[PDB]
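Encoded as structure tokens, the structure appears first; notes follow it.
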Amino acid sequence: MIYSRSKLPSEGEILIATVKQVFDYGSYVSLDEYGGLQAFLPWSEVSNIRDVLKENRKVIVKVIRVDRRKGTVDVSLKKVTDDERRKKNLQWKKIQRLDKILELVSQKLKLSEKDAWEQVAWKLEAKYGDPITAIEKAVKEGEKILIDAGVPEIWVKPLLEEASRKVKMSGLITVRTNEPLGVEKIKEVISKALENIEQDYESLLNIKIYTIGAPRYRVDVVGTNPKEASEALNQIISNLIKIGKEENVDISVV
Amino acid sequence: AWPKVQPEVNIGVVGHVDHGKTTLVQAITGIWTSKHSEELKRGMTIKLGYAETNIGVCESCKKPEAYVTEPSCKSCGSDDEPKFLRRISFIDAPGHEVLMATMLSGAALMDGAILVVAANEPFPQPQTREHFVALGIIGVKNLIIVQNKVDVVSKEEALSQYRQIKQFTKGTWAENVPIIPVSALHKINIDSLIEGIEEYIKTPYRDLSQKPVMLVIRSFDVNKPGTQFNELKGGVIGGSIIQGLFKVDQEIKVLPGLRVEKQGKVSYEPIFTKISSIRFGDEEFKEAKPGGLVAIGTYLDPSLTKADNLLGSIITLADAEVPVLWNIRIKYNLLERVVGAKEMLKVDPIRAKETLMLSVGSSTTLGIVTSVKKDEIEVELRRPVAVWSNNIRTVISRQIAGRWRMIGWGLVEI
RNA sequence: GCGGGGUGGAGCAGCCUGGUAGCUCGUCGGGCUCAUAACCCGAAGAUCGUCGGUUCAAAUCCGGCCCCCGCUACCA
Ligand SMILES: Nc1nc2c(ncn2[C@@H]2O[C@H](COP(=O)(O)OP(=O)(O)NP(=O)(O)O)[C@@H](O)[C@H]2O)c(=O)[nH]1
Ligand SMILES: [Mg+2]
Ligand SMILES: [Mg+2]
């Protein structure tokens, strides 16, 4: 599902659609652009084909005719070129991954699609890029990226979470120690490491650090956010390293 | 109710394959010494095990069935609670030949020995000589000889082998080591066996004066699979104490312990720590006294200790001093025949640059000789051994057809 | 932690996107050649481990279970 900001597609603009049906003198295609508009692709504007005019195939079609009086459109599948379809399919893939993240978060947070894409797609459209990027940067510098675009913190953290109500992610860390209190000191690198993550990288659910070999161990990063997994995985194994490498404890990840 | 007393005596349970050894320690304790999966799956003793029990005697009843090892007298029909004497444990050795060296460790720990003979194998089996001379090199002449599995062998064949082994006694250090007939499974005559351990094998006079030394035999990472970081206990090193005693929060060093890289060459690092736990079976004691394997966990990381890494190492007080020599001298007198051998050839005297195996207390090494004299040698080792006393009992072997069979007895002059 | 493989003589495909049990070495028959190997063609062969649900309708969605298991070690 995709909800956009306008009623009928642009004049001469190219896009993608999902072919609903075919009759003898034309075909019904469903543009995923504006809530799934029904366009009449006529056979005068078309053209193995049994695979492009399928039952439920997504095809790349261009709009030629528009009528705002009744609110109808007429599109064309042939009048696409090759140097349009490429970038348009690329944006379509971005928008499909966006369909993924937003539909999954709205299926978690019991919200719908209309208000959803009114808060994500168009309150983030002021930010350059396809909104896939509008969280691809939210995950690298800080969560305040989504706050900067002006969206409320109701997609910000929860749509930040679901993407890629718990998720399982972990690693394996290898530790050596030589001190006289080597066990107190491994607990020391642990209980100096797992401190003040929840503020630098914000509210998550569960973390655990345990063993899988005798020197080969296992750390947990299991929260609402797999799209924060490595961020909450890698550096935190580091927050052991960064502390092991000043307490005579060799600590790394496998 | 019966006091909780740590064991004050060890007993070596040695013998050849299928003799009824682990089943003998089951006959005395009720528990077995096969603890690694392979030991069960192969059905033969590969490594040394452990098992524990008490001893109480019913002052009213006759001998010996009343000699039962639990707070009960009901087997002799009495209501009285028996007199407690001790808590008694054992060193269950292997019968195999590529696995002989192992029991030599335990030979330096036991305060006694129950040696088994097969009524139902051709006697004397070759390796029986090797066990007997193991006890004779280490010098625990206190021995109780037993004939086993007597339920398939008749009473006349039992008598014939009893005459064979009564003979095996005469002419050596063991002229009066007795033979008390038991069977290890059916729990027969085990009361007379306990009586024999008591009468003929008493615990030595203890020396609580020398620097308390702990002779490592095993060690484990008790940190189970899935152990989160809140409840991390240290790596347990288990053995038996022979001279001195250990206490809660004693400052010690493991010697030699780890290997580390030092000065462009190889060397070892002395492993310093504080004592955090000391266990005897399923009872918690705050002090460790000699007699019986004593497990001590400390503030050490169990990665250094799991899977019997440090096998046989020593551990002493962190204010002590022990000679650590990479190349050690030995006064060695050579055996007259190869004892565990099917066909006992002569001993081929040890010539220069040869490869030989040593077991020092519980620690083991391969070495090559550098200066060959008739009685004295100076051998270069792949690891320095810790020699806590003068002329310590090492046990020495040369390789025969792939099986390191002993060649003599040696003394390190420090 | 408990989960996976359950299918022609076999080896694995083959799911989510439900209506041919799918391709290859093998098996018997026929072509081509003076005749044999290679090459072309045709049939025979499990009918999905099994009860059950979904499903108009299932290897195809999954659960209950029968079998084979499977990544794994004494826990002083
Ligand atoms: N009937 C009987 N069977 C016994 C007795 N002792 C052991 N067995 C059984 O006979 C087989 C061989 O004896 P085993 O227990 O291996 O004796 P062992 O001397 O400890 N063998 P090893 O040290 O090589 O492991 C096993 O199946 C064991 O259960 C005994 O006294 N009587
Ligand atoms: Mg045995
Ligand atoms: Mg042919």
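Scheme for the structure tokens: letters A, B, ... for chains in order shown; per-chain residue numbers from 1; ligand numbers from 1 in order shown.
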
(message) Give me the residues near residue 183 of chain B as a PyMOL selection string, where near means some atom within 7 Å (using only C-alpha atoms (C1' of nucleotides)) and where sequence neighbours in that chain fewer than 4 positions away do not count.
(response) chain B and resi 148-150+187-188

Resulting file, chosen residues, N, CA and C atoms, as a PDB file, in the first residue's frame:
```
ATOM      1  N   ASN B 148      38.999 -61.353  41.377  1.00  0.00           N
ATOM      2  CA  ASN B 148      37.726 -60.709  41.069  1.00  0.00           C
ATOM      3  C   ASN B 148      36.810 -61.601  40.231  1.00  0.00           C
ATOM      4  N   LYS B 149      35.525 -61.207  40.194  1.00  0.00           N
ATOM      5  CA  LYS B 149      34.504 -61.785  39.310  1.00  0.00           C
ATOM      6  C   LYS B 149      34.281 -63.268  39.584  1.00  0.00           C
ATOM      7  N   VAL B 150      34.472 -63.686  40.837  1.00  0.00           N
ATOM      8  CA  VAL B 150      34.582 -65.099  41.190  1.00  0.00           C
ATOM      9  C   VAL B 150      33.307 -65.886  40.908  1.00  0.00           C
ATOM     10  N   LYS B 187      28.246 -57.251  44.965  1.00  0.00           N
ATOM     11  CA  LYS B 187      28.394 -56.760  46.339  1.00  0.00           C
ATOM     12  C   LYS B 187      28.596 -57.918  47.320  1.00  0.00           C
ATOM     13  N   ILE B 188      29.574 -58.774  47.023  1.00  0.00           N
ATOM     14  CA  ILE B 188      29.906 -59.913  47.873  1.00  0.00           C
ATOM     15  C   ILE B 188      31.221 -59.622  48.577  1.00  0.00           C
TER      16      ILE B 188
END
```

(message) What are the residues of chain A lining chain C at 12 Å or less? Count only C-alpha atoms (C1' of nucleotides), and put the answer as a count of residues only.
(response) 4

(request) Name all residues at most 10 Å from segment 200-202 of chain A (count only C-alpha atoms (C1' of nucleotides); drop same-chain ones fewer than 5 positions away) and give them as an MDAnalysis selection string. (result) chainID A and resid 139 142:143 157 228 231:232

Written file, previous selection with N, CA and C atoms, as a PDB file, in the first residue's frame:
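This went into result.pdb:
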```pdb
ATOM      1  N   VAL A 139      19.727   6.154  10.984  1.00  0.00           N
ATOM      2  CA  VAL A 139      20.402   5.073  11.702  1.00  0.00           C
ATOM      3  C   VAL A 139      21.905   5.280  11.865  1.00  0.00           C
ATOM      4  N   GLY A 142      22.267   9.680  14.223  1.00  0.00           N
ATOM      5  CA  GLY A 142      21.456   9.716  15.420  1.00  0.00           C
ATOM      6  C   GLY A 142      19.993   9.720  15.061  1.00  0.00           C
ATOM      7  N   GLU A 143      19.177   9.390  16.061  1.00  0.00           N
ATOM      8  CA  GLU A 143      17.740   9.314  15.853  1.00  0.00           C
ATOM      9  C   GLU A 143      17.103  10.686  15.699  1.00  0.00           C
ATOM     10  N   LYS A 157      10.772   6.520  16.584  1.00  0.00           N
ATOM     11  CA  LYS A 157      11.325   5.316  17.199  1.00  0.00           C
ATOM     12  C   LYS A 157      10.614   4.052  16.735  1.00  0.00           C
ATOM     13  N   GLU A 228      18.823  -1.286  14.350  1.00  0.00           N
ATOM     14  CA  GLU A 228      19.837  -0.777  15.263  1.00  0.00           C
ATOM     15  C   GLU A 228      20.711  -1.907  15.798  1.00  0.00           C
ATOM     16  N   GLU A 231      24.655  -1.513  15.145  1.00  0.00           N
ATOM     17  CA  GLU A 231      24.971  -0.307  15.901  1.00  0.00           C
ATOM     18  C   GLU A 231      25.003  -0.622  17.389  1.00  0.00           C
ATOM     19  N   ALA A 232      24.025  -1.401  17.854  1.00  0.00           N
ATOM     20  CA  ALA A 232      24.009  -1.795  19.255  1.00  0.00           C
ATOM     21  C   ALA A 232      24.829  -3.058  19.484  1.00  0.00           C
TER      22      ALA A 232
END
```

(request) Output as number ranges by chain all residues of segment 54-164 of chain B that backbone DSSP marks as strand (DSSP E). (result) B: 54-57, 83-89, 91-92, 113-118, 144-148

Keeping N, CA, C and O atoms, export the residues of the selection given above as an mmCIF file, in the first residue's frame.
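Result saved to result-v2.cif:
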```
data_model
loop_
_atom_site.group_PDB
_atom_site.id
_atom_site.type_symbol
_atom_site.label_atom_id
_atom_site.label_comp_id
_atom_site.auth_asym_id
_atom_site.auth_seq_id
_atom_site.Cartn_x
_atom_site.Cartn_y
_atom_site.Cartn_z
ATOM 1 N N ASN B 54 32.053 -43.134 53.474
ATOM 2 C CA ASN B 54 32.473 -43.142 54.872
ATOM 3 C C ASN B 54 32.789 -44.561 55.331
ATOM 4 O O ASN B 54 32.880 -45.493 54.528
ATOM 5 N N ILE B 55 32.991 -44.717 56.639
ATOM 6 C CA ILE B 55 33.091 -46.033 57.259
ATOM 7 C C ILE B 55 32.561 -45.967 58.687
ATOM 8 O O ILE B 55 32.985 -45.117 59.483
ATOM 9 N N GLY B 56 31.615 -46.855 58.999
ATOM 10 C CA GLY B 56 31.104 -47.008 60.345
ATOM 11 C C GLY B 56 30.953 -48.476 60.700
ATOM 12 O O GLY B 56 30.542 -49.293 59.874
ATOM 13 N N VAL B 57 31.276 -48.787 61.953
ATOM 14 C CA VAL B 57 31.266 -50.163 62.452
ATOM 15 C C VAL B 57 30.330 -50.274 63.648
ATOM 16 O O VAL B 57 30.375 -49.447 64.564
ATOM 17 N N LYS B 83 30.019 -46.649 65.004
ATOM 18 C CA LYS B 83 31.127 -45.743 65.252
ATOM 19 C C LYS B 83 31.715 -45.314 63.915
ATOM 20 O O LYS B 83 31.993 -46.151 63.048
ATOM 21 N N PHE B 84 31.831 -44.005 63.731
ATOM 22 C CA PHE B 84 32.445 -43.462 62.532
ATOM 23 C C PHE B 84 33.956 -43.538 62.667
ATOM 24 O O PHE B 84 34.498 -43.407 63.770
ATOM 25 N N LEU B 85 34.641 -43.775 61.549
ATOM 26 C CA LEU B 85 36.098 -43.760 61.550
ATOM 27 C C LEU B 85 36.652 -42.659 60.654
ATOM 28 O O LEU B 85 37.560 -41.927 61.063
ATOM 29 N N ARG B 86 36.102 -42.504 59.453
ATOM 30 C CA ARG B 86 36.717 -41.656 58.436
ATOM 31 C C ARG B 86 35.747 -41.504 57.272
ATOM 32 O O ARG B 86 34.596 -41.941 57.331
ATOM 33 N N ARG B 87 36.235 -40.855 56.217
ATOM 34 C CA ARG B 87 35.595 -40.826 54.907
ATOM 35 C C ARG B 87 36.643 -41.231 53.873
ATOM 36 O O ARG B 87 37.720 -40.633 53.816
ATOM 37 N N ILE B 88 36.349 -42.262 53.077
ATOM 38 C CA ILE B 88 37.388 -42.939 52.308
ATOM 39 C C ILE B 88 37.093 -42.867 50.808
ATOM 40 O O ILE B 88 35.957 -43.028 50.357
ATOM 41 N N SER B 89 38.158 -42.641 50.034
ATOM 42 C CA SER B 89 38.078 -42.410 48.595
ATOM 43 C C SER B 89 39.210 -43.161 47.899
ATOM 44 O O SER B 89 40.020 -43.827 48.548
ATOM 45 N N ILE B 91 41.666 -43.833 43.871
ATOM 46 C CA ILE B 91 42.233 -43.431 42.580
ATOM 47 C C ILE B 91 42.030 -44.592 41.611
ATOM 48 O O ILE B 91 42.768 -45.587 41.646
ATOM 49 N N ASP B 92 41.041 -44.462 40.726
ATOM 50 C CA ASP B 92 40.710 -45.491 39.745
ATOM 51 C C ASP B 92 41.480 -45.200 38.463
ATOM 52 O O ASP B 92 41.162 -44.253 37.740
ATOM 53 N N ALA B 113 46.347 -48.907 48.491
ATOM 54 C CA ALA B 113 46.194 -49.574 47.206
ATOM 55 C C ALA B 113 45.434 -50.885 47.361
ATOM 56 O O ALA B 113 45.754 -51.722 48.213
ATOM 57 N N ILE B 114 44.449 -51.072 46.487
ATOM 58 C CA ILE B 114 43.779 -52.353 46.299
ATOM 59 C C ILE B 114 44.011 -52.784 44.858
ATOM 60 O O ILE B 114 43.414 -52.225 43.929
ATOM 61 N N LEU B 115 44.881 -53.777 44.679
ATOM 62 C CA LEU B 115 45.281 -54.276 43.369
ATOM 63 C C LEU B 115 44.487 -55.541 43.042
ATOM 64 O O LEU B 115 44.424 -56.475 43.853
ATOM 65 N N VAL B 116 43.900 -55.567 41.850
ATOM 66 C CA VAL B 116 43.028 -56.652 41.414
ATOM 67 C C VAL B 116 43.793 -57.569 40.462
ATOM 68 O O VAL B 116 44.747 -57.146 39.797
ATOM 69 N N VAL B 117 43.391 -58.838 40.430
ATOM 70 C CA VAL B 117 43.926 -59.855 39.536
ATOM 71 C C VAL B 117 42.730 -60.537 38.889
ATOM 72 O O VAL B 117 41.676 -60.671 39.522
ATOM 73 N N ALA B 118 42.885 -60.962 37.638
ATOM 74 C CA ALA B 118 41.794 -61.629 36.945
ATOM 75 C C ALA B 118 41.838 -63.136 37.167
ATOM 76 O O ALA B 118 42.776 -63.813 36.736
ATOM 77 N N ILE B 144 46.689 -54.408 49.058
ATOM 78 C CA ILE B 144 45.704 -55.458 49.277
ATOM 79 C C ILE B 144 45.403 -56.091 47.928
ATOM 80 O O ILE B 144 44.872 -55.424 47.034
ATOM 81 N N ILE B 145 45.749 -57.365 47.780
ATOM 82 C CA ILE B 145 45.532 -58.085 46.530
ATOM 83 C C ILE B 145 44.159 -58.745 46.583
ATOM 84 O O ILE B 145 43.752 -59.267 47.628
ATOM 85 N N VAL B 146 43.432 -58.698 45.468
ATOM 86 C CA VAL B 146 42.092 -59.272 45.370
ATOM 87 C C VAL B 146 41.986 -60.040 44.058
ATOM 88 O O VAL B 146 42.607 -59.663 43.060
ATOM 89 N N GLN B 147 41.240 -61.145 44.082
ATOM 90 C CA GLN B 147 40.845 -61.891 42.883
ATOM 91 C C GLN B 147 39.366 -61.596 42.635
ATOM 92 O O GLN B 147 38.560 -61.591 43.571
ATOM 93 N N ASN B 148 38.999 -61.353 41.377
ATOM 94 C CA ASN B 148 37.726 -60.709 41.069
ATOM 95 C C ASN B 148 36.810 -61.601 40.231
ATOM 96 O O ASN B 148 37.230 -62.602 39.645
#
```

(request) Excluding segment 366-372 of chain B and residues on its chain fewer than 6 positions from it, collect all residues at most 10 Å away from it, counting only C-alpha atoms (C1' of nucleotides), and give them as an NGL selection string. (result) :B and (327-329 or 350-359 or 378-383 or 396-397)

(request) Please check which protein, DNA or RNA residues sit within 6 Å of ligand 1, counting only C-alpha atoms (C1' of nucleotides) and all ligand atoms, and write them as number ranges by chain. (result) B: 16-23, 43-45, 94-95, 148-149, 183-185

(request) Find the residues near ligand 3. Use a cut-off of 9 Å, count only C-alpha atoms (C1' of nucleotides) and all ligand atoms, and write them as a VMD selection string. (result) chain C and resid 32 to 33 35 to 38

Include C-alpha atoms (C1' of nucleotides) and write out the residues we just selected as a PDB file, in the first residue's frame.
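selection30.pdb, freshly written:
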```
ATOM      1  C1'   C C  32      22.141 -43.801 -36.311  1.00  0.00           C
ATOM      2  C1'   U C  33      26.812 -47.187 -37.833  1.00  0.00           C
ATOM      3  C1'   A C  35      29.838 -53.137 -35.752  1.00  0.00           C
ATOM      4  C1'   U C  36      30.937 -51.069 -30.549  1.00  0.00           C
ATOM      5  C1'   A C  37      31.364 -46.226 -27.382  1.00  0.00           C
ATOM      6  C1'   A C  38      29.382 -41.239 -27.544  1.00  0.00           C
TER       7        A C  38
END
```

(request) Name the residues of segment 46-229 of chain A that fall into helix (DSSP H, G or I) according to DSSP on the backbone, using the chain letters and numbers of this document, as a ChimeraX atom specification. (result) /A:49-51,82-108,114-119,131-136,144-148,156-162,182-193,197-200,229

Write out, as a Markdown table, each residue of chain A that has an atom at most 8 Å from chain B, together with the closest pair of atoms and their distance in Å to one decimal, counting only C-alpha atoms, rows going by chain and rising number.
```
| residue | atom | partner | partner_atom | distance |
| --- | --- | --- | --- | --- |
| A:176 | CA | B:303 | CA | 7.7 |
| A:177 | CA | B:301 | CA | 6.8 |
| A:178 | CA | B:301 | CA | 7.6 |
| A:179 | CA | B:272 | CA | 7.6 |
| A:180 | CA | B:273 | CA | 4.4 |
| A:181 | CA | B:299 | CA | 4.9 |
| A:182 | CA | B:300 | CA | 5.5 |
| A:183 | CA | B:301 | CA | 5.6 |
| A:184 | CA | B:299 | CA | 7.3 |
| A:187 | CA | B:229 | CA | 6.5 |
| A:190 | CA | B:229 | CA | 7.5 |
| A:208 | CA | B:228 | CA | 6.9 |
| A:209 | CA | B:228 | CA | 5.6 |
| A:210 | CA | B:228 | CA | 4.1 |
| A:211 | CA | B:226 | CA | 5.7 |
| A:212 | CA | B:225 | CA | 5.8 |
| A:213 | CA | B:225 | CA | 7.6 |
| A:214 | CA | B:303 | CA | 5.1 |
| A:215 | CA | B:303 | CA | 5.4 |
```

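For residue 315 of chain B, the set of protein, DNA and RNA residues having any atom at most 8 Å away, when counting only C-alpha atoms (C1' of nucleotides) and skipping those fewer than 6 positions along the same chain, is residues 213, 214, 215, 216, 252, 253, 254 and 255 of chain B.
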
(request) Using only C-alpha atoms (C1' of nucleotides), find the residues of chain B whose closest atom to chain C is at most 8 Å away, then write them as a ChimeraX atom specification. (result) /B:35-37,220,222-224,236-238,278-279,281,295-297

I need the chosen residues saved as a PDB file, in the first residue's frame, with C-alpha atoms.
```pdb
ATOM      1  CA  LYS B  35      33.085 -39.341  33.566  1.00  0.00           C
ATOM      2  CA  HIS B  36      33.949 -38.405  29.958  1.00  0.00           C
ATOM      3  CA  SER B  37      31.557 -39.596  27.247  1.00  0.00           C
ATOM      4  CA  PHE B 220      37.380 -27.590  34.897  1.00  0.00           C
ATOM      5  CA  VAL B 222      32.318 -24.973  35.788  1.00  0.00           C
ATOM      6  CA  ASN B 223      30.854 -22.038  33.841  1.00  0.00           C
ATOM      7  CA  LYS B 224      28.076 -23.907  32.063  1.00  0.00           C
ATOM      8  CA  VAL B 236      38.544 -25.302  39.604  1.00  0.00           C
ATOM      9  CA  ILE B 237      41.838 -27.170  39.979  1.00  0.00           C
ATOM     10  CA  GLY B 238      41.389 -30.535  41.682  1.00  0.00           C
ATOM     11  CA  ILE B 278      37.890 -25.729  48.325  1.00  0.00           C
ATOM     12  CA  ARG B 279      35.636 -28.739  47.815  1.00  0.00           C
ATOM     13  CA  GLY B 281      32.860 -34.103  46.918  1.00  0.00           C
ATOM     14  CA  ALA B 295      39.233 -29.327  44.537  1.00  0.00           C
ATOM     15  CA  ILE B 296      40.226 -25.667  44.841  1.00  0.00           C
ATOM     16  CA  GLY B 297      38.672 -22.931  42.742  1.00  0.00           C
TER      17      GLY B 297
END
```

(request) Just the residues within 10 Å of residue 59 of chain C, please, counting only C-alpha atoms (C1' of nucleotides), with nothing from its chain fewer than 3 positions along; format it as a PyMOL selection string. (result) chain C and resi 7+14-15+21+48

(request) Quick one: everything within 7 Å of residue 411 of chain B, counting only C-alpha atoms (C1' of nucleotides), minus sequence neighbours fewer than 4 positions away in the same chain. Send it as a ChimeraX atom specification. (result) /B:330-332,391-394

(request) Mind giving me the straight-line distance from atom CA of residue 30 of chain A to atom CA of residue 7 of chain A in Å, one decimal? (result) 13.9 Å

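From atom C1' of residue 57 of chain C back to atom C1' of residue 13 of chain C, the distance works out to 24.9 Å.
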
(message) Using only C-alpha atoms and all ligand atoms for the distances, tell me which of B:51, B:11, B:33, B:27 is nearest to ligand 2.
(response) B:33

(request) Rank nothing, just name the residue among B:263, B:169, B:189, B:240 nearest to residue 142 of chain B, using only C-alpha atoms. (result)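 Between B:263, B:169, B:189, B:240, the residue approaching residue 142 of chain B most closely is B:169.
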